[PDB]
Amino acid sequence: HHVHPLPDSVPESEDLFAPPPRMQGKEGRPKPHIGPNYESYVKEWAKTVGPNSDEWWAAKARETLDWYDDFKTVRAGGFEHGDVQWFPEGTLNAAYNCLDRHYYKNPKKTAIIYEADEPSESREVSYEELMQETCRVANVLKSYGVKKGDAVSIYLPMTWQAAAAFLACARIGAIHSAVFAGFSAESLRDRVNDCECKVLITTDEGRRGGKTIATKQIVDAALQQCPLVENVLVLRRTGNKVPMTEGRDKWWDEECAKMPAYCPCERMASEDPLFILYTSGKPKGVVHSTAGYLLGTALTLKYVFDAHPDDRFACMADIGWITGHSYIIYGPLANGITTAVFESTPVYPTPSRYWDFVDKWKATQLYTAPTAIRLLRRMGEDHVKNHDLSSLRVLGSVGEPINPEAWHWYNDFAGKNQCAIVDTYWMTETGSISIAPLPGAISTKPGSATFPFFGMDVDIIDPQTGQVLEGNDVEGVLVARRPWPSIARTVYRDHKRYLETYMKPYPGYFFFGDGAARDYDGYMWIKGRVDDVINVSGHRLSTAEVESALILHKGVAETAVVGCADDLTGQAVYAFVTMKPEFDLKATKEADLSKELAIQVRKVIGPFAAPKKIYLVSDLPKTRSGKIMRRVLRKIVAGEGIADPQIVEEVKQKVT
């Protein structure tokens, strides 16, 4: 076979992990909605794609959501000009489907488990409390003149009120634009100005990992260049002395005390914009409609994680990420279950924090990024070994390919080999999970996204010819043939960039921008960004298979390989390797470590995949979501031309 699984230390015959007993309906656990085998997944999946799927999507839309006005058409439009339409005639409100309809049925059921930065301050927020807080904020926004269609910037840390600020905007038909708390004043400025918002919601200070986020300090600097912002709502999170501008700035609690605890729901057309979300050139504000996005997040959350009514979904991401949008707030609350708002880091107070949380609340699912798993892997298994963690049934990975080493560490310790691992592939532009194994039906492989989700008709294209590589054992670029409900509708006031980025390069398709491969079993392998691909002497090297090989060597915590122009091979491979903090870098020779890694790569991939130069760095350039910034490293090693900015100075200094 030509397409090979990501390098792993386990033999392939022992590397097929079928759904465990917890995902089989045993141990008193809920039977999965999809099961018990791969055919059972395809039987349902094939109903959701092709030109005969309209009846299926219409039925699901009416089952999943509560509509004020029914729709007549199911789908319309296409990629060509960016006129995607789903359920155009229907009306609904997101805050109603995420709050009201569950409050009316069981008001005391916990909507949010608020895990505070300090574990002792954690508490449960019922649907009643969240609904009342949401309605108060909505009335405050109306009193500020916020109208349906106006943009509202949210600059909030991971306190539970962030969901109230999200859903308050959705309740009145406003368009919220959430920005990671802790972004620089310049980054926040650009996103406030691009959405042309007149109202901004923030805190006095944020608390993550025992560190203070000077939110109001940053907002003041940014708004010195944001003339359109007239009202700033400041949530009193810490109570520390922070500057306040009289007239413009008002306290969250004081404003909400003047407002009623109920607010009517604005009846939104399906294609009314629900939110703007800028991704970390110019800031790209991905715009999502209402009904399609909500339906997508609801069904993926229900099917990709096998959600059941009493479950407690624990997504540890930040709401500044689409993962937080879709699988902390909208997805979980749409289905009417409990969701987790994690305010701290995975290592505060100690690297046992994740597992202290899981056993404290009896979390039934855990959702996080590969970068977090690698962080916990390099801290020691003592922090996980002595935990129960039996409430869990599904563990999810999102943001990047998951190295088989991290995959196993996730599977072995967090799941105790009794949880299904769902490597969920998707994008901010996809709205909901696009490719992931259904935990109760699909047998997994370390690092494989497996098979596409409902409504996702994906294929592999030759990047040069542009034609479909039919069959298995093929490698190329991933594309989608048909629109899906939760697909992004535009880029805010830059629809030209929306079409040129995803619709022009391969006409007739959606262009994810990812290299993909379909091995001989039909499993989809998403091996990294197309821009990250390295072509050594006519050999397409993907960063996932190379980095997966490097982590197989003892002591390695994280790696990142980029491409640079080479005299002989056209393009050569350069590697950045982060060793575990408890490595004896003095005992193992630096040059010897490079040779050991080089031979390691040669053994599992091929002679061509060996790095030509290796760089030792304390950490890698990373976004706030956890993605490795390979483009940044690539330009640095080329001479032409976000979590910890100090890594940039270290990388360029080590370049010489």
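For every residue, the number given is its place in the sequence shown, counted from 1. Just so we're on the same page, rigid core means the largest C-alpha set that superposes within 1.5 Å between forms.
**Q** Using RMS Cα distance over all structures and residues, flag whichever of 344 to 352 and 564 to 572 lies farther from this form in 5 other deposited structures of this protein after a core fit.
**A** Checking 344 to 352 against 564 to 572 in 5 other deposited structures of this protein, I find the farther stretch is 564 to 572.
**Q** Relative to this form, superposed by the core, which stretch has the greater CA RMS in 5 other deposited structures of this protein: 552 to 560 or 240 to 248?
**A** Farther on average in 5 other deposited structures of this protein: 552 to 560.
**Q** Does the comparison with other PDB entries of this protein show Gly641 lacking coordinates in a third or more of them, where both adjacent residues are built?
**A** Across the other compared entries, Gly641 is absent from at least a third.
**Q** Find out whether the coordinates of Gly281 are absent in at least a third of the other compared PDB entries of the same protein.
**A** Yes, a third or more of the compared structures omit it.
**Q** Note how many residues of the deposited chain are left out of the model between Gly641 and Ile642; the options are none, 1 to 3, 4 to 9, and 10 or more.
**A** The entry leaves 4 to 9 residues without coordinates here.
**Q** How many missing residues of the deposited sequence lie between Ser280 and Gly281 in the entry, grouped as none, 1 to 3, 4 to 9, or 10 or more?
**A** 1 to 3 residues are missing.
**Q** If you average the CA temperature factors over each stretch, which comes out higher, 380 to 388 or 486 to 494?
**A** On average, C-alpha B-factors are higher across 380 to 388.
**Q** Hey, which bit's got the bigger mean C-alpha B factor in the entry, 204 to 212 or 506 to 514?
**A** Here the higher of the two C-alpha B-factor means belongs to 506 to 514.
**Q** Between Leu156, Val242, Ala406, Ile461, let me know which has the highest C-alpha B-factor in the entry?
**A** That would be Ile461.
**Q** Please pick out which of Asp253, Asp423, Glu470, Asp117 has the largest Cα B-factor as recorded in the entry.
**A** Across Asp253, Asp423, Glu470, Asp117, the entry lists the biggest C-alpha B-factor for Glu470.
**Q** Would you mind checking where the Cα B-factor of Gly563 ranks among the modelled residues of its chain, as the lowest, middle or highest third?
**A** CA B-factor rank for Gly563: highest third.
**Q** By the recorded C-alpha temperature factor, relative to the other modelled residues in its chain, which third is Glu128 in?
**A** It belongs to the lowest third of the chain when residues are ordered by C-alpha B-factor.
**Q** By the recorded C-alpha temperature factor, relative to the other modelled residues in its chain, which third is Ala162 in?
**A** As the PDB entry reports it, the C-alpha B-factor of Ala162 lands in the lowest third of its chain.
**Q** Mind checking which third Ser448 falls in for C-alpha B-factor across the chain?
**A** Middle third by C-alpha B-factor.
**Q** In terms of the CA temperature factor given in the entry, to which third of its chain does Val573 belong: lowest, middle or highest?
**A** As the PDB entry reports it, the C-alpha B-factor of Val573 lands in the highest third of its chain.
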